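Trainee: coords please:
(chains A, B, C, D, E, F, G, H and I, ligands or ions: 99)
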Amino acid sequence: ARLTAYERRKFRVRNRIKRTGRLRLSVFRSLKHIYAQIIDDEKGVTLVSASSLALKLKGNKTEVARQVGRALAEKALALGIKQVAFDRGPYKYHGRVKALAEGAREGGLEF
Amino acid sequence: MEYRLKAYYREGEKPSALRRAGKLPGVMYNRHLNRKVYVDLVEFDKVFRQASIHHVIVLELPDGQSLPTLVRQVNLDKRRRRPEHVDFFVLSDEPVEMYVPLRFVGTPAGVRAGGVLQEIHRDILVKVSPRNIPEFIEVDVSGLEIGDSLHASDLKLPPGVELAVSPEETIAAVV
Amino acid sequence: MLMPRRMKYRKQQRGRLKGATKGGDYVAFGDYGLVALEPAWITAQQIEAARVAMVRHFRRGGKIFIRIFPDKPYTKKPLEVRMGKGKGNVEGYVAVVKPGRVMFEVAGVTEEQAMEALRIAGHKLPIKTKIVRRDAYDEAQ
Amino acid sequence: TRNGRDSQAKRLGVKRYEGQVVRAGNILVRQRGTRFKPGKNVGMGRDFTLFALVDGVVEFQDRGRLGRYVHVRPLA
RNA sequence: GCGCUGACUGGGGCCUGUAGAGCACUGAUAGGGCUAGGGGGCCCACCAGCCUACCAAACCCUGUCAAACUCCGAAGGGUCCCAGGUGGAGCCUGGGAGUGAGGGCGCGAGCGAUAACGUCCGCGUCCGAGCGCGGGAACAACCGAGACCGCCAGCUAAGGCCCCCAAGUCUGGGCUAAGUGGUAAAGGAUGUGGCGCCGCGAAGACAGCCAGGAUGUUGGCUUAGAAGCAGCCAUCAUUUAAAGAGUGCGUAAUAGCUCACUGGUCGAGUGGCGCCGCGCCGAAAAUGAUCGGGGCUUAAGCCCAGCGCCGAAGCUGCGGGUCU
RNA sequence: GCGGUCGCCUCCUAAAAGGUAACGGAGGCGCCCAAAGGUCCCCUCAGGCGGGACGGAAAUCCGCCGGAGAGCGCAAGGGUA
RNA sequence: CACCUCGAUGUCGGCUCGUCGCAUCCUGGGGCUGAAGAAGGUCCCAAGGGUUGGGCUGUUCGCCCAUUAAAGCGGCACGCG
RNA sequence: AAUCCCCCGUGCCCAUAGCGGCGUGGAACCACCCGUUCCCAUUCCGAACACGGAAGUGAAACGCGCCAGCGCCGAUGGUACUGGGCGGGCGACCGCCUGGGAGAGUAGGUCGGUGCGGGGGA
RNA sequence: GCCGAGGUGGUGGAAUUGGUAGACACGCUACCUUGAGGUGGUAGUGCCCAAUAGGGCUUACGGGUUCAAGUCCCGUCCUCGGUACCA
Ligand SMILES: [Mg+2]
Ligand SMILES: [Mg+2]
Ligand SMILES: [Mg+2]
Ligand SMILES: [Mg+2]
Ligand SMILES: [Mg+2]
Ligand SMILES: [Mg+2]
Ligand SMILES: [Mg+2]
Ligand SMILES: [Mg+2]
Ligand SMILES: [Mg+2]
Ligand SMILES: [Mg+2]
Ligand SMILES: [Mg+2]
Ligand SMILES: [Mg+2]
Ligand SMILES: [Mg+2]
Ligand SMILES: [Mg+2]
Ligand SMILES: [Mg+2]
Ligand SMILES: [Mg+2]
Ligand SMILES: [Mg+2]
Ligand SMILES: [Mg+2]
Ligand SMILES: [Mg+2]
Ligand SMILES: [Mg+2]
Ligand SMILES: [Mg+2]
Ligand SMILES: [Mg+2]
Ligand SMILES: [Mg+2]
Ligand SMILES: [Mg+2]
Ligand SMILES: [Mg+2]
Ligand SMILES: [Mg+2]
Ligand SMILES: [Mg+2]
Ligand SMILES: [Mg+2]
Ligand SMILES: [Mg+2]
Ligand SMILES: [Mg+2]
Ligand SMILES: [Mg+2]
Ligand SMILES: [Mg+2]
Ligand SMILES: [Mg+2]
Ligand SMILES: [Mg+2]
Ligand SMILES: [Mg+2]
Ligand SMILES: [Mg+2]
Ligand SMILES: [Mg+2]
Ligand SMILES: [Mg+2]
Ligand SMILES: [Mg+2]
Ligand SMILES: [Mg+2]
Ligand SMILES: [Mg+2]
Ligand SMILES: [Mg+2]
Ligand SMILES: [Mg+2]
Ligand SMILES: [Mg+2]
Ligand SMILES: [Mg+2]
Ligand SMILES: [Mg+2]
Ligand SMILES: [Mg+2]
Ligand SMILES: [Mg+2]
Ligand SMILES: [Mg+2]
Ligand SMILES: [Mg+2]
Ligand SMILES: [Mg+2]
Ligand SMILES: [Mg+2]
Ligand SMILES: [Mg+2]
Ligand SMILES: [Mg+2]
Ligand SMILES: [Mg+2]
Ligand SMILES: [Mg+2]
Ligand SMILES: [Mg+2]
Ligand SMILES: [Mg+2]
Ligand SMILES: [Mg+2]
Ligand SMILES: [Mg+2]
Ligand SMILES: [Mg+2]
Ligand SMILES: [Mg+2]
Ligand SMILES: [Mg+2]
Ligand SMILES: [Mg+2]
Ligand SMILES: [Mg+2]
Ligand SMILES: [Mg+2]
Ligand SMILES: [Mg+2]
Ligand SMILES: [Mg+2]
Ligand SMILES: [Mg+2]
Ligand SMILES: [Mg+2]
Ligand SMILES: [Mg+2]
Ligand SMILES: [Mg+2]
Ligand SMILES: [Mg+2]
Ligand SMILES: [Mg+2]
Ligand SMILES: [Mg+2]
Ligand SMILES: [Mg+2]
Ligand SMILES: [Mg+2]
Ligand SMILES: [Mg+2]
Ligand SMILES: [Mg+2]
Ligand SMILES: [Mg+2]
Ligand SMILES: [Mg+2]
Ligand SMILES: [Mg+2]
Ligand SMILES: [Mg+2]
Ligand SMILES: [Mg+2]
Ligand SMILES: [Mg+2]
Ligand SMILES: [Mg+2]
Ligand SMILES: [Mg+2]
Ligand SMILES: [Mg+2]
Ligand SMILES: [Mg+2]
Ligand SMILES: [Mg+2]
Ligand SMILES: [Mg+2]
Ligand SMILES: [Mg+2]
Ligand SMILES: [Mg+2]
Ligand SMILES: [Mg+2]
Ligand SMILES: [Mg+2]
Ligand SMILES: [Mg+2]
Ligand SMILES: [Mg+2]
Ligand SMILES: [Mg+2]
Ligand SMILES: [Mg+2]
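Mentor: Residues are numbered from 1 along each chain as shown, chains lettered A, B, ... in the order given. Ligands and ions are numbered 1, 2, ... in the order given. Dropping the coordinates below:
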């Protein structure tokens, strides 16, 4: 069994994003935590990091997400970065993935 | 069982020329070294007829040395089916891979007078120690039976080492 | 005589014969063989006449091999006609044979016998030939 | 004869080679399938036709498993 | 008018899927192996059912083929950049055209018959328009060479240097005996000169020449008799240095002869397989024969080396013309 | 003349850019689809073996194996999970 | 095939007159024979000469009658208006 | 921040990183897991998707190692072919010079390498 | 002389798309039937040692192909449709 709905859906949505040219607001979410990474392709380089497992916070992971959401803005917007795309990878734009995006407010956005 | 050759060294000189001068181009190689040489065609032929990638050639060669080499490929030009380049493989202390003749021994093998000898492979690929090198291999069983088959693990297999893949293959049958 | 059943395309160009025997080429089934010295198209009806000549001079045992096969469609107009309007028409099949190739090749017979058969068999061919035995060199595999 | 037909040669192929200077618009490759894929600053039309999106120069990229790519690296 | 951009060349990048090869796909395909099911041949007719001397899928080995197959893939070619390249180069605008029947050759293919001074394309070339010059006996396109004019000067190219016919009857070393050269093949042959492998051979072979040939016997079978010598055969076995119930004659089945066999003599090589060079046969057409001719045989032929010379309208020297 | 052909697409011929001929080798078009169109979200085939009432080579189902040999309205090619 | 000839190279057969080739029909000379002799078969040499008259059909060709040493095959613009 | 080890992200190279066998890892990360109230869900199924949680497990997955049976990569010689230049054969085709030079196969090689960013260590 | 088809028991003739015969027919012999026959119905019947069993020979004749040939390949004779300058 080569490649999986996971790996597939992952490329599918992520490949489209990488065409538009913008900086990528990649979102990896785990069972316990949710992390966020602003990457620049063609330079193969990350610019602004913002995890929850790095901000040692907890209590309802939909609300944690938004926090690490707003956390990403602050750190980033202070580096000039304003406009970006927003990955979303394998995750449907919903719950804590949608939450973090809604948190990414106070920083460029359009999402 | 022991065959002497001779040899020389190559660097320049077009193989075309050597060829013209009765000499037969060729390379000498193994895990450690690789160098181009040339034998004498008239000489080499005499040896290889009997040698024949089955037995070991010692290869004299200035340098006074005497190198344990099997012949692992003979390129002969199709137009005259004569050889045009030999490449000699030199042995060291590490199990090699080779072809060993198959002394079809026994008899008409069961149901005698008669049956079918069914000759498949006058050789066989074996991973063996460069030290002990079987001159051939006894292939008897008894024999034998009618419509049977000596696979491969049924064969003698002297204290060389073992087979070379192909656990199950013809080698014997009567029909 | 001897044609290849089911063909993707009937009627094929003709190409040249500058080759030198793709291979081949080194005997691989019998004790003796007939090798092609010249390039030619060998006709199924030429092969069948070479085969028979041997099985015949072998009492009936015997053990040919042939090794060449007529897969090339040979065409030819209906004569008494002029160029243009379709192509040949197919009147048989040939095997392409450049020098080096081993045709036929026999086994399970004496030498003064196999060699006499191969000679006969050779007279049925439009090219010059050569009889071989098979030594180490042949064991090219 | 039942044959005799054929169609007009479609003059397909690459139109700009690597290290050639192009301009926004210049079509860079005419092809049937996606023999080449649109890289950086390279669009592709409904007939799979690759063209410069901006001015600059032409460079090719063989991403093996990922196929071959035509990029228009700017300079404008 | 612009003016170094031109063909061609060097370096560099990118594009390609042919030559070759390959069998991984599409098909074709030799042999063997192992096995779907059938041919079957059949037990039943309830499961069934055993075997494969025809298939034959796949699968595995060993082998191969393909313009419309490709896991591969040169050389080359295309294009852009940077350089060289001043050329009856390039580019731009315009005036005048003619051509739109090509042909031979080389190379690459298709058609054709691996026919045509055939036909159709491709890339080159020449003739076309160089039917001007030299060579090729003669001959548009094969070789040499691009003819502005004059010279009773020189060097050369192809090709030549016995005579027609300018320059070697030049120097070496080999080959050929056919007039080969002055040709046409499969195939064939103690032609001749070389190279090589093998068999036997001073325990003495190979030629010849001496010596002897069984014996139960007719071998039996067939069969008046086949007694080796009608035939079918069972073709014995002994003995011997050594003779096959006998290879050929003989043949009223006999007689007699003779041979494969061993001994002796003589004594030295002898028999076979390849390989190359040059020749030989294969080889019959119509008006008069011939390599262009005469003529040529350690060459006036063929191969390998050399040194010179002859040789064009090419090149040079001298003078001249015209254009730029 | 008779016959065949006449425009368009695909493949080869075509000599690895483009192009390239013959009464050269083979096929196809003269439509079609209001969803077979746009976008967003999900999903991944064909086969092969084993398993499972009526199910049989093949209807639907479960298991493993399966990089594409499936599919993409129709020819061929290129393309494509 | 379409190369000279369409500002013309008259086209079958016969007659006449030949001439040449030899892959020889007869006659001469041979080898082999499954050649007793005689008579044949088959192959080799040999082109000097010879190679009939009729019926039918425009015919060439062919069938046929009567013979013969034999009733030869071809080329010469299917020789020759 | 330096160097380094492990882990989670995300790239790039695009099989030497792959298949398969074996062995390892749960403190931390990750997964599975525990539930289906709530957002949201499955043409049926909380399998997926999704949320809220965390007792348990590294069985599955994933990560990291080892093994060359397969897969993949693969010289060096030597050829085939061929720019260009010359010869040869009635041809079908063949040979020489000078440059370029595969394919198969042989020797071998390989069960990854690395960029940026995190979390945890030394 | 030239291309294609076919030659079968005493007669007519089928299997002719690859696998074990000289079918069902008309004779002919016996049997049923009839007073006896004809017709019709059984069964023998290509050939030869065969009580049957079963050996072996048959597809115009001869020679090869294949494991197997009435069939595919040729050769001779027989026959049927064709068909042979030339302007
Ligand atoms: Mg090969
Ligand atoms: Mg055309
Ligand atoms: Mg086309
Ligand atoms: Mg490439
Ligand atoms: Mg310049
Ligand atoms: Mg140019
Ligand atoms: Mg250049
Ligand atoms: Mg390729
Ligand atoms: Mg090829
Ligand atoms: Mg294949
Ligand atoms: Mg296949
Ligand atoms: Mg097979
Ligand atoms: Mg090809
Ligand atoms: Mg193609
Ligand atoms: Mg490669
Ligand atoms: Mg170039
Ligand atoms: Mg270039
Ligand atoms: Mg310049
Ligand atoms: Mg000009
Ligand atoms: Mg102009
Ligand atoms: Mg004008
Ligand atoms: Mg015109
Ligand atoms: Mg024209
Ligand atoms: Mg033309
Ligand atoms: Mg021209
Ligand atoms: Mg031309
Ligand atoms: Mg000419
Ligand atoms: Mg040439
Ligand atoms: Mg020609
Ligand atoms: Mg022409
Ligand atoms: Mg030329
Ligand atoms: Mg003209
Ligand atoms: Mg001229
Ligand atoms: Mg000119
Ligand atoms: Mg003239
Ligand atoms: Mg002239
Ligand atoms: Mg002349
Ligand atoms: Mg001339
Ligand atoms: Mg001039
Ligand atoms: Mg001049
Ligand atoms: Mg001079
Ligand atoms: Mg000269
Ligand atoms: Mg002369
Ligand atoms: Mg003179
Ligand atoms: Mg002299
Ligand atoms: Mg001399
Ligand atoms: Mg003697
Ligand atoms: Mg006696
Ligand atoms: Mg002369
Ligand atoms: Mg002057
Ligand atoms: Mg001027
Ligand atoms: Mg018409
Ligand atoms: Mg092209
Ligand atoms: Mg399935
Ligand atoms: Mg199933
Ligand atoms: Mg099932
Ligand atoms: Mg497809
Ligand atoms: Mg399609
Ligand atoms: Mg396709
Ligand atoms: Mg496709
Ligand atoms: Mg004409
Ligand atoms: Mg013409
Ligand atoms: Mg006139
Ligand atoms: Mg006139
Ligand atoms: Mg004769
Ligand atoms: Mg006579
Ligand atoms: Mg007589
Ligand atoms: Mg006589
Ligand atoms: Mg004569
Ligand atoms: Mg009349
Ligand atoms: Mg007459
Ligand atoms: Mg008539
Ligand atoms: Mg008469
Ligand atoms: Mg006459
Ligand atoms: Mg005529
Ligand atoms: Mg006339
Ligand atoms: Mg008149
Ligand atoms: Mg007349
Ligand atoms: Mg990671
Ligand atoms: Mg790969
Ligand atoms: Mg693994
Ligand atoms: Mg464990
Ligand atoms: Mg694991
Ligand atoms: Mg624990
Ligand atoms: Mg814990
Ligand atoms: Mg585990
Ligand atoms: Mg894990
Ligand atoms: Mg390789
Ligand atoms: Mg190499
Ligand atoms: Mg290679
Ligand atoms: Mg290792
Ligand atoms: Mg860190
Ligand atoms: Mg009967
Ligand atoms: Mg009564
Ligand atoms: Mg009564
Ligand atoms: Mg009565
Ligand atoms: Mg009665
Ligand atoms: Mg018959
Ligand atoms: Mg017969």
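Trainee: Residue C:121 belongs to a helix?
Mentor: Yes - counting by DSSP: H, G, I helix; E, B strand; the rest coil, residue C:121 falls inside a helix.
Trainee: Might one say that it is in contact with residue C:104?
Mentor: Yes - using CB atoms under 8 Å, residue C:121 is in contact with residue C:104, at 6.0 Å. Bear in mind the C-beta positions are built from the backbone N, C-alpha and C, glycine included.
Trainee: so which strand or helix has residue 69?
Mentor: In the absence of a named chain, chain A is used. Using DSSP states H and E, residue A:69 sits within helix A:61-77.
Trainee: try chain D instead
Mentor: Using DSSP H and E, residue D:69 sits within strand D:68-73.
Trainee: can you map out the strands along chain B?
Mentor: Remark: strands assigned in chain B by DSSP state E are B:23-29, B:34-40, B:69-77, B:82-90, B:96-99, B:103-104, B:125-128, B:138-139.
Trainee: Tell me which residues touch residue C:66, please.
Mentor: The contact partners of residue C:66, taken as CB atoms under 8 Å, 6 or more residues apart in numbering or on different chains, are C:47, C:51, C:103, C:104, C:105.
Trainee: Contacts for the host helix or strand of the third one, please.
Mentor: Translated: residue C:103. Residue C:103 belongs to strand C:102-106 when assigned by DSSP H and E. Identification of contacts with strand C:102-106 by CB under 8 Å, 6+ apart yields C:24-36, C:42, C:50-51, C:54, C:58, C:63-68, C:97, C:114, C:117-118, C:121, C:125, C:129, C:132.
Trainee: Would you agree residue D:6 falls within a helix?
Mentor: No - counting by three-state DSSP, residue D:6 falls outside a helix, being coil.
Trainee: what's the burial count for it?
Mentor: Residue neighbour count, defined by other CB atoms under 10 Å in any protein chain shown, stands at 6 for residue D:6.
Trainee: Check what contacts the strand holding residue D:69 and list those residues.
Mentor: By CB under 8 Å, 6+ apart, strand D:68-73 touches D:22, D:28-29, D:35-42, D:50, D:52-63.
Trainee: Of these, which count as buried by neighbour count?
Mentor: Among the contacts of strand D:68-73, those buried by neighbour count (16 or more other CB atoms under 10 Å in any protein chain shown) are D:22, D:28-29, D:36-42, D:50, D:52-60.
Trainee: any idea which of the contacts of residue C:66 is closest to RNA strand H?
Mentor: Within those, the smallest distance to RNA strand H is 16.3 Å, found for residue C:103 (CB to the nearest atom of the strand).
Trainee: before we move on, the earlier item: quick one: the strands of chain B as a markdown table, columns for distance to residue C:8 and mean neighbour count too.
Mentor: A markdown table is the format used below for those (distance: least, CB to CB, whole Å; neighbours: other CB atoms under 10 Å in any protein chain shown):
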| stretch | distance to residue C:8 | mean neighbour count |
| --- | --- | --- |
| strand B:23-29 | 43 | 20 |
| strand B:34-40 | 46 | 18 |
| strand B:69-77 | 33 | 18 |
| strand B:82-90 | 37 | 19 |
| strand B:96-99 | 39 | 18 |
| strand B:103-104 | 43 | 14 |
| strand B:125-128 | 37 | 18 |
| strand B:138-139 | 44 | 18 |
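Trainee: filter the contacts of strand C:102-106 down to the ones close to RNA strand E.
Mentor: Contacts with RNA strand E within those, counted by CB under 7 Å from any atom of the strand: C:24, C:25, C:26, C:28, C:29, C:65, C:66, C:67, C:129.
Trainee: ok, back up a step: the helix holding residue A:69 and RNA strand H in contact?
Mentor: Yes - using CB under 7 Å from any atom of the strand, helix A:61-77 reaches RNA strand H at A:61, A:62, A:63.
Trainee: next SSE after that helix?
Mentor: From helix A:61-77, the next helix or strand downstream (DSSP H and E) is helix A:95-103.
Trainee: Would that next one count as contacting RNA strand H?
Mentor: Yes - counting by CB under 7 Å from any atom of the strand, RNA strand H is contacted by helix A:95-103 at A:95, A:96, A:97.
Trainee: hmm, who's touching that helix?
Mentor: Contact with helix A:95-103 is made by A:27, A:29, A:34, A:36, A:61-73, A:86, A:88, A:91, A:93, A:111, as judged by CB under 8 Å, 6+ apart.
Trainee: Given the strand holding residue C:103, what are its sheet partners and their directions?
Mentor: Partners of strand C:102-106 in the sheet, by DSSP bridges, are strand C:32-36 (antiparallel).
Trainee: Tell me which residues of whichever helix or strand comes after the strand it pairs with come out buried.
Mentor: Downstream of strand C:32-36, the next assigned helix or strand under DSSP H and E is strand C:40-43. Buried positions in strand C:40-43, judged by neighbour count with 16+ other CB under 10 Å: C:40, C:41, C:42, C:43.
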